[PDB]
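Enquirer: Following this line is structure-v1.cif, made up of mmCIF, C-alpha atoms (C1' of nucleotides):
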```cif
data_entry
#
loop_
_atom_site.label_atom_id
_atom_site.label_comp_id
_atom_site.auth_asym_id
_atom_site.auth_seq_id
_atom_site.Cartn_x
_atom_site.Cartn_y
_atom_site.Cartn_z
CA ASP A 145 -11.93 5.86 -20.63
CA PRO A 146 -8.71 4.36 -22.03
CA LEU A 147 -9.43 0.72 -21.17
CA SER A 148 -7.96 -0.32 -24.52
CA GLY A 149 -5.08 -2.69 -23.81
CA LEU A 150 -6.46 -4.29 -20.69
CA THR A 151 -7.37 -7.97 -20.92
CA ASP A 152 -10.70 -9.47 -19.87
CA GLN A 153 -10.01 -9.54 -16.17
CA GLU A 154 -7.56 -6.67 -16.17
CA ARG A 155 -10.54 -4.29 -16.44
CA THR A 156 -11.99 -6.23 -13.52
CA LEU A 157 -8.71 -5.95 -11.64
CA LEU A 158 -9.31 -2.23 -11.81
CA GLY A 159 -12.74 -2.34 -10.24
CA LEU A 160 -11.53 -4.53 -7.39
CA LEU A 161 -8.47 -2.39 -6.95
CA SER A 162 -10.72 0.69 -6.83
CA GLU A 163 -12.66 -0.81 -3.92
CA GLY A 164 -9.41 -0.59 -1.96
CA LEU A 165 -9.28 -4.36 -1.58
CA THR A 166 -6.19 -6.44 -0.84
CA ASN A 167 -4.51 -8.81 -3.24
CA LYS A 168 -5.84 -11.69 -1.13
CA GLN A 169 -9.40 -10.27 -1.00
CA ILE A 170 -9.35 -9.57 -4.72
CA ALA A 171 -7.96 -13.10 -4.98
CA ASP A 172 -10.94 -14.77 -3.30
CA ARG A 173 -13.33 -12.71 -5.38
CA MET A 174 -11.65 -14.28 -8.43
CA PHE A 175 -10.68 -17.73 -7.12
CA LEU A 176 -6.94 -17.15 -7.61
CA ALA A 177 -4.01 -17.32 -5.23
CA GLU A 178 -2.59 -14.14 -3.74
CA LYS A 179 0.62 -14.77 -5.66
CA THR A 180 -1.32 -14.98 -8.92
CA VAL A 181 -2.87 -11.61 -8.08
CA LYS A 182 0.34 -9.88 -7.12
CA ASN A 183 1.41 -10.77 -10.65
CA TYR A 184 -1.65 -9.69 -12.64
CA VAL A 185 -1.82 -6.39 -10.74
CA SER A 186 1.90 -5.69 -11.11
CA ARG A 187 1.61 -6.35 -14.85
CA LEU A 188 -1.44 -4.08 -15.03
CA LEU A 189 0.38 -1.16 -13.44
CA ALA A 190 3.13 -1.57 -15.99
CA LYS A 191 0.51 -1.52 -18.78
CA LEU A 192 -0.75 1.71 -17.18
CA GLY A 193 2.55 3.51 -16.72
CA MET A 194 2.06 3.51 -12.94
CA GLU A 195 4.12 2.01 -10.11
CA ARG A 196 1.58 1.81 -7.26
CA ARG A 197 -1.83 0.17 -6.89
CA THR A 198 -3.19 3.36 -5.40
CA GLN A 199 -2.67 5.36 -8.61
CA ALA A 200 -4.52 2.60 -10.49
CA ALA A 201 -7.46 2.86 -8.08
CA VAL A 202 -7.80 6.61 -8.20
CA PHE A 203 -7.47 6.49 -11.99
CA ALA A 204 -10.12 3.79 -12.13
CA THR A 205 -12.17 5.87 -9.74
CA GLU A 206 -12.00 8.81 -12.11
CA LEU A 207 -13.28 6.66 -15.00
CA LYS A 208 -16.26 5.27 -13.09
CA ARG A 209 -17.28 8.92 -12.68
CA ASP B 145 -18.01 15.90 1.81
CA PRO B 146 -17.56 14.65 5.40
CA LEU B 147 -14.23 16.34 6.09
CA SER B 148 -15.48 17.16 9.58
CA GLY B 149 -13.11 15.65 12.14
CA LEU B 150 -10.03 15.96 10.00
CA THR B 151 -7.32 18.23 11.39
CA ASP B 152 -5.66 20.98 9.33
CA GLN B 153 -3.20 18.74 7.54
CA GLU B 154 -5.30 15.59 7.64
CA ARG B 155 -7.40 17.12 4.83
CA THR B 156 -4.08 17.67 3.07
CA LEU B 157 -3.01 14.12 3.87
CA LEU B 158 -5.99 13.07 1.82
CA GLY B 159 -5.16 15.15 -1.23
CA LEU B 160 -1.62 13.77 -1.30
CA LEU B 161 -2.84 10.28 -0.63
CA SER B 162 -5.25 10.78 -3.53
CA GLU B 163 -2.31 11.36 -5.86
CA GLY B 164 -1.13 7.83 -5.09
CA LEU B 165 2.06 9.17 -3.50
CA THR B 166 4.21 7.32 -0.99
CA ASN B 167 4.63 8.09 2.69
CA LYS B 168 8.10 9.35 1.77
CA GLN B 169 6.97 11.44 -1.21
CA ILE B 170 4.11 12.79 0.86
CA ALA B 171 6.68 13.36 3.58
CA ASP B 172 8.90 15.49 1.33
CA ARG B 173 6.00 17.65 0.19
CA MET B 174 5.31 18.30 3.88
CA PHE B 175 8.84 18.44 5.31
CA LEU B 176 8.23 15.54 7.69
CA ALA B 177 9.97 12.21 8.14
CA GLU B 178 8.45 9.08 6.63
CA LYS B 179 7.92 7.70 10.12
CA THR B 180 5.94 10.80 11.05
CA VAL B 181 3.72 10.28 7.99
CA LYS B 182 3.23 6.59 8.58
CA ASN B 183 1.61 7.68 11.84
CA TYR B 184 -0.49 10.65 10.65
CA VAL B 185 -1.87 8.52 7.81
CA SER B 186 -2.58 5.52 10.02
CA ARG B 187 -4.43 7.74 12.47
CA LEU B 188 -6.35 9.29 9.62
CA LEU B 189 -7.55 5.92 8.34
CA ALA B 190 -8.82 5.11 11.81
CA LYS B 191 -10.69 8.45 11.94
CA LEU B 192 -12.25 7.38 8.65
CA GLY B 193 -13.22 3.82 9.59
CA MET B 194 -10.86 2.36 6.98
CA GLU B 195 -7.78 0.12 7.18
CA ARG B 196 -5.97 0.71 3.86
CA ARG B 197 -4.68 3.96 2.31
CA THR B 198 -6.20 2.98 -1.03
CA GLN B 199 -9.69 3.28 0.42
CA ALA B 200 -8.85 6.73 1.72
CA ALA B 201 -7.62 7.76 -1.74
CA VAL B 202 -10.67 6.54 -3.63
CA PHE B 203 -12.95 8.13 -1.06
CA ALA B 204 -11.02 11.37 -1.35
CA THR B 205 -11.19 11.03 -5.11
CA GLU B 206 -14.98 10.73 -4.89
CA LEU B 207 -15.20 14.01 -2.94
CA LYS B 208 -12.98 16.00 -5.32
CA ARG B 209 -15.63 15.09 -7.93
"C1'" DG C 1 3.62 -27.06 -30.79
"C1'" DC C 2 1.73 -22.79 -29.33
"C1'" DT C 3 -1.20 -19.15 -26.77
"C1'" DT C 4 -3.63 -17.98 -23.08
"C1'" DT C 5 -4.23 -18.12 -18.17
"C1'" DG C 6 -2.53 -19.53 -13.15
"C1'" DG C 7 1.04 -19.77 -9.68
"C1'" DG C 8 5.99 -20.97 -7.18
"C1'" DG C 9 10.66 -18.95 -5.80
"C1'" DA C 10 12.77 -15.54 -3.75
"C1'" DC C 11 13.13 -11.23 -1.87
"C1'" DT C 12 13.21 -5.82 -1.72
"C1'" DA C 13 10.46 -2.59 -0.19
"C1'" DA C 14 6.66 -0.15 1.24
"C1'" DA C 15 2.65 0.11 4.52
"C1'" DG C 16 0.69 -0.19 8.92
"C1'" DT C 17 0.35 -0.64 14.22
"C1'" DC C 18 1.06 0.76 18.96
"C1'" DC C 19 3.13 2.71 22.39
"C1'" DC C 20 5.95 5.86 24.19
"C1'" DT C 21 9.05 10.33 24.33
"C1'" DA C 22 10.45 15.58 23.55
"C1'" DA C 23 9.77 20.36 21.59
"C1'" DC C 24 7.16 24.25 21.30
"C1'" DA D 1 4.78 26.42 34.09
"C1'" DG D 2 1.89 21.96 33.78
"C1'" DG D 3 -0.65 21.62 29.23
"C1'" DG D 4 -2.21 20.64 24.27
"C1'" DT D 5 -0.79 20.32 19.60
"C1'" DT D 6 2.90 18.63 16.36
"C1'" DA D 7 6.81 15.56 15.15
"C1'" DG D 8 9.36 11.16 15.22
"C1'" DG D 9 11.97 6.73 17.30
"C1'" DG D 10 11.44 1.56 18.35
"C1'" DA D 11 10.18 -2.46 16.84
"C1'" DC D 12 7.97 -5.30 14.16
"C1'" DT D 13 4.03 -7.75 11.34
"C1'" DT D 14 1.73 -7.42 6.81
"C1'" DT D 15 0.84 -6.25 2.23
"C1'" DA D 16 2.70 -4.95 -2.00
"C1'" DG D 17 5.61 -5.40 -5.81
"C1'" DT D 18 9.28 -7.41 -9.17
"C1'" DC D 19 11.20 -10.78 -12.40
"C1'" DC D 20 11.72 -14.72 -14.33
"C1'" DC D 21 10.72 -19.13 -15.07
"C1'" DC D 22 7.23 -23.43 -15.01
"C1'" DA D 23 2.72 -26.38 -16.38
"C1'" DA D 24 -2.25 -27.20 -17.48
"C1'" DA D 25 -5.87 -26.26 -21.19
#
```
Written as structure tokens, that's how I'd like the structure from this file.
Expert:
Amino acid sequence: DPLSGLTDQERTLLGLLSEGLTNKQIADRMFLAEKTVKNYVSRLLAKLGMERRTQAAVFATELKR
Amino acid sequence: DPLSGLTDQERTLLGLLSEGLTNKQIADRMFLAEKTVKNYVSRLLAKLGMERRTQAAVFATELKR
DNA sequence: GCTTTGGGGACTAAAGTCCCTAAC
DNA sequence: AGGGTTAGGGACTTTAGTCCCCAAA
């Protein structure tokens, strides 16, 4: 449960990622632009030591359980 | 645990997918080409009623636990 | 005069889709 | 030997991702 380091919405970029959504879908759910999302997510992977959104999801998926 | 329908290696295309690997990484671990894997995976998502490999992975991740 | 917090530019690269061949 | 698996090319269209810099609050 190492969610220490993730901003407000970065922990909520993990739950949307873990529902195998697309940047643009996750975008609408948050009122951003897809470009904005691409950024936040790509930062978040860096913060996580991962290089693919899929790893983030599975990792998130493991926390939720 | 609905792995009924999945061929031999389709159940193993779900364990590799669930490690957030890439078609080409997955393809090395299976001795295929990346093109070959693009196809297998894409079929497998159809068989699963999903349209994005991330979904597959999370779903797979939920079975493993 | 700064921190958050949102997004364009500008691509490089993965992912996916569909349909159609060969090799056992 | 005309058939099912099992593997991949063609040929793109879409999402993802990367970095770095730019304004509003």
Enquirer: Taking all atoms listed in the file into account, report as JSON, numbers by chain which residues of chain C lie within 12 Å of chain A.
Expert: {"C": [4, 5, 6, 7, 8, 9, 14, 15]}
Enquirer: I'd like the interatomic distance between atom CA of residue A:170 and atom CA of residue B:193, to a tenth of an Å.
Expert: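 Distance reported for this atom pair: 20.0 Å.
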Enquirer: Residues of chain B that have any atom at most 8 Å from an atom of chain A: could you tabulate them with the shortest-distance atom pair and the distance in Å to one decimal, using only C-alpha atoms, ordered by chain and increasing number, as CSV?
Expert:
```
residue,atom,partner,partner_atom,distance
B:162,CA,A:202,CA,6.8
B:163,CA,A:199,CA,6.6
B:164,CA,A:199,CA,4.6
B:165,CA,A:199,CA,7.9
B:196,CA,A:164,CA,6.9
B:197,CA,A:164,CA,7.8
B:198,CA,A:164,CA,4.9
B:199,CA,A:164,CA,4.6
B:201,CA,A:202,CA,6.6
B:202,CA,A:202,CA,5.4
B:205,CA,A:202,CA,6.4
B:206,CA,A:205,CA,7.4
B:209,CA,A:209,CA,8.0
```
Enquirer: Using only C-alpha atoms, which residue out of A:207, A:191, A:146, A:182 lies closest to residue A:168?
Expert: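 The answer is A:182, which sits nearest to residue A:168.
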Enquirer: Under the PyMOL selection byres ((chain D) within 8 of (chain A)), which residues of this model are included? Write them out as a list in words.
Expert: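 What the PyMOL selection byres ((chain D) within 8 of (chain A)) grabs from the file is residues 15, 16, 17 and 18 of chain D.
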Enquirer: Quote the spacing between atom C1' of residue C:13 and atom CA of residue A:189 in Å to one decimal place.
Expert: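 Distance reported for this atom pair: 16.7 Å.
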Enquirer: Could you work out how far atom CA of residue A:174 lies from atom CA of residue A:153, giving the answer in Å with one decimal?
Expert: 9.2 Å
Enquirer: Pick from D:1, D:19, D:24, D:12: nearest to residue C:16, with all atoms listed in the file counted?
Expert: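 Ranking D:1, D:19, D:24, D:12 by distance to residue C:16, first place goes to D:12.
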Enquirer: Write out as a VMD selection string which residues come within 12 Å of residue D:5 when counting all atoms listed in the file, dropping same-chain ones fewer than 2 positions away.
Expert: (chain B and resid 151 to 152) or (chain C and resid 23 to 24) or (chain D and resid 3 7)
Enquirer: Write the selection just made, keeping C-alpha atoms (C1' of nucleotides), as a PDB file, keeping the file's coordinate frame?
Expert:
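Saved to selection29.pdb:
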```
ATOM      1  CA  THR B 151      -7.320  18.230  11.390  1.00  0.00           C
ATOM      2  CA  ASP B 152      -5.660  20.980   9.330  1.00  0.00           C
TER       3      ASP B 152
ATOM      4  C1'  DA C  23       9.770  20.360  21.590  1.00  0.00           C
ATOM      5  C1'  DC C  24       7.160  24.250  21.300  1.00  0.00           C
TER       6       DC C  24
ATOM      7  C1'  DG D   3      -0.650  21.620  29.230  1.00  0.00           C
ATOM      8  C1'  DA D   7       6.810  15.560  15.150  1.00  0.00           C
TER       9       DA D   7
END
```
Enquirer: Residues near residue D:11, anyone? I mean within 12 Å using all atoms listed in the file, not counting same-chain ones fewer than 2 positions away, as a PyMOL selection string.
Expert: (chain C and resi 17-20) or (chain D and resi 9+13)
Enquirer: Padding of 8 Å on every side, edges along x, y and z, all listed atoms of stretch 148-158 of chain B included: what centre and edge lengths in Å, to one decimal, does that box have, as lines of an AutoDock Vina configuration file?
Expert:
```
center_x = -9.2
center_y = 17.0
center_z = 7.0
size_x = 28.5
size_y = 23.9
size_z = 26.3
```
Enquirer: Extract chain D from the preceding block and save C-alpha atoms (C1' of nucleotides) as a tab-separated table (two decimals), in the first residue's frame.
Expert:
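So out-v2.tsv came out as:
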```
chain	number	residue	atom	x	y	z
D	1	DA	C1'	-3.82	-35.81	-48.98
D	2	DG	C1'	-7.54	-32.07	-48.21
D	3	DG	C1'	-7.74	-30.55	-43.22
D	4	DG	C1'	-7.15	-28.11	-38.56
D	5	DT	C1'	-3.98	-25.91	-35.55
D	6	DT	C1'	0.00	-22.59	-35.22
D	7	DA	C1'	2.80	-18.69	-36.99
D	8	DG	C1'	3.47	-14.25	-39.39
D	9	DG	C1'	3.28	-10.50	-43.47
D	10	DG	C1'	0.69	-6.22	-45.22
D	11	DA	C1'	-0.98	-2.19	-44.22
D	12	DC	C1'	-2.56	1.02	-41.51
D	13	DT	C1'	-5.38	3.64	-37.68
D	14	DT	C1'	-5.16	4.58	-32.68
D	15	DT	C1'	-3.49	5.01	-28.20
D	16	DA	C1'	0.38	5.64	-25.41
D	17	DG	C1'	4.36	7.91	-23.93
D	18	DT	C1'	8.27	11.56	-23.56
D	19	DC	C1'	10.22	16.14	-22.69
D	20	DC	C1'	10.24	20.53	-22.27
D	21	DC	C1'	8.31	24.69	-22.13
D	22	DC	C1'	3.97	28.04	-21.32
D	23	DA	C1'	-0.13	30.50	-18.49
D	24	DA	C1'	-4.05	30.83	-15.16
D	25	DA	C1'	-5.12	30.71	-10.00
```
